[PDB]
Amino acid sequence: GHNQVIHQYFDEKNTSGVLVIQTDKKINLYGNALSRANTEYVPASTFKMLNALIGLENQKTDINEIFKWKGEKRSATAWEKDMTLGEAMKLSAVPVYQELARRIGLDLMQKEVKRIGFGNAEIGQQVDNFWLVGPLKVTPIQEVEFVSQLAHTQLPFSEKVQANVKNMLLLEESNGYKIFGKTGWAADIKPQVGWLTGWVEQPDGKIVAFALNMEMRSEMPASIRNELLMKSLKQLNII
Ligand SMILES: *C(=O)[C@H]([C@@H](C)O)[C@H]1C[C@@H](SCC/N=C/N)C(C(=O)O)=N1
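Under the deposited numbering, the first residue of the sequence shown carries the number 35, and numbering increases by one thereafter.
Okay, structure coming up:
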């Protein structure tokens, strides 16, 4: 696991990005734009995690509620179905989480966000878009620390709420490993920012968190972040 082979994976996708890795409060940067690790970006679909936690803890919803699709045209055609808060996490279904956000309410949402101390902790005034176009911005280091506390069940929420949000985030379960995470893509700011923040539950239960953050372009496949990460964690010998 050399910090150079990982520069070339990023050199080669013609992007600019950083991979933050945390292993029990020790943090390392990999990639080819390590200055991104201290830069504030909008969270995007990654804030869904803190939204779910805030919504469940405050009983504005539950893991069994079905969100009804009331007919309107949506940005992706898989989002056009009734679905649970968990299935909306998998699909990054923004309408579901905007409905949750409006139940929470601006006052409650600002209070929770400030208490947790997520990013700049600014949510401004539109309770249903602040993670997508600001004013909320967070750095990739701050992200990997949040997602680290969530894997270790050390966030300021009930034990059962964190477990619930954790179970919404499984991505690949091969070789006795488990990779949890949540993708993101702010395709509406210049330049576009792509996220991938999660952790690896190694077979012995040791927990290694990651926040991949890269500038995006409209032609890249969704699975470019998956591809970059899965092959980076292979290099550092985490899988
Ligand atoms: C979440 O962050 C995305 C956004 C609508 O909030 C949703 C949708 C895709 S992004 C597709 C747009 N650009 C594609 N070239 C997505 C994701 O997988 O990141 N989540």
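We put the beta carbon where it would ideally sit given N, CA and C, even for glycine.
Per DSSP, what kind of secondary structure is residue i in: helix, strand or coil?
i      : result
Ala197 : helix
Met254 : coil
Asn260 : helix
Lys104 : coil
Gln183 : helix
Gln236 : coil
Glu206 : strand
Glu114 : coil
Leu119 : helix
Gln188 : coil
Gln38  : coil
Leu125 : helix
Quick one: does the C-beta of residue i sit closer than 8 Å to a heavy atom of ligand 1?
i      : result
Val128 : yes
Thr217 : yes
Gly51  : no
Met83  : no
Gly168 : no
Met254 : yes
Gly228 : yes
With a Cβ-Cβ cutoff of 9 Å, do residue i and residue j count as a contact?
i      : j      : result
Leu90  : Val195 : yes
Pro174 : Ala71  : yes
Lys47  : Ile258 : yes
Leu263 : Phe152 : no
Query raised in the report: Which ranges does the beta strand (DSSP E) cover as unbroken runs of at least 3 residues, wholly within the segment 134–181, from first to last along the chain?
Result: none
**Report entry** Whole alpha helix (DSSP H) elements within the segment 41–98, 4-residue minimum
**Finding:** 82–91
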